[PDB]
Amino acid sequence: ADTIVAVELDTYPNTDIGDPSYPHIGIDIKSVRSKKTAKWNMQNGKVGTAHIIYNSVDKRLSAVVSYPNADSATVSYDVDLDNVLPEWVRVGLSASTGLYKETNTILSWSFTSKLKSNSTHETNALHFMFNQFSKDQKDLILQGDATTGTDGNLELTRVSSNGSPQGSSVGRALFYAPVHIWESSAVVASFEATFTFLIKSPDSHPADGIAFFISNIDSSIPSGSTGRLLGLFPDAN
């Protein structure tokens, strides 16, 4: 059904489906079983920043995640996205909790997409930046338990009144407009995405993670994708 390309910030090690034995960042190409991962020294309760870049000349999806005063983690994977995704896609953020939980709060999110064609100066571009989310954010499609406006933040999974994260939750937020990522006369297509997040758990084992993803425009949350499947995949294949 959906075609998903995602960069996951995976907080819980599910070693039975291929995760390493630690928090990690990974690049998922149509499967929760990451094609490449890197150890991520996740900091509970601290605001982090994730940067994702890609361009059609090099065909390498790379992501860098860091916390203030700390060294960053980075992961890269050679993949030609024109061979994986459709030419029109929607970009979004997804997150889940299962038996273990954590808040999956997004404080800001920016995305820039550029298609430069061969006609002298023909640049088509799309850029959006949210540094504050309001209760009725009409340019975002919120799916599942995701909500906006609480402290001007985007809460991808359920948090009850007293600030506590709830288990078995799943929510996604996609930018309203389709994004054009390939066109026959384009000589270079590129995108850059940045988002700051705050993962906080009252427990020693937070779960499950946050993922930036790109999908077919009509993507919806697969049934049963709470927990380890990050609201993105229908199974662990």
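Heads up, when I say rigid core I mean the largest set of C-alphas that superpose within 1.5 Å between the two forms. From 1 onward, residues are counted along the sequence shown.
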{"property": "Higher C-alpha RMS shift from the shown form in 9 other deposited structures of this protein - 181 to 189 or 32 to 40, rigid core fit", "result": "181 to 189"}
{"property": "Between 95 to 103 and 124 to 132, larger RMS Cα displacement in 9 other deposited structures of this protein after core fit", "result": "95 to 103"}
{"property": "100 to 108 set against 145 to 153, stretch whose average Cα temperature factor tops the other in the entry", "result": "145 to 153"}
{"property": "Of 213 to 221 and 15 to 23, the stretch whose C-alpha atoms average the higher B-factor in the entry", "result": "15 to 23"}
{"property": "Which of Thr37, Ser62, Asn44, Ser190 ranks first by CA B-factor in the deposited coordinates", "result": "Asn44"}
{"property": "B-factor third for the C-alpha atom of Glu87 within its chain", "result": "middle"}
{"property": "Within-chain third of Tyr176 by Cα B-factor, per the entry", "result": "middle"}
{"property": "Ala1 - which third its CA temperature factor falls in, relative to the rest of the chain", "result": "highest"}
{"property": "Ranked C-alpha temperature factor of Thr49 among modelled chain residues, by third", "result": "lowest"}
{"property": "Lowest, middle or highest third - CA B-factor, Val7", "result": "lowest"}
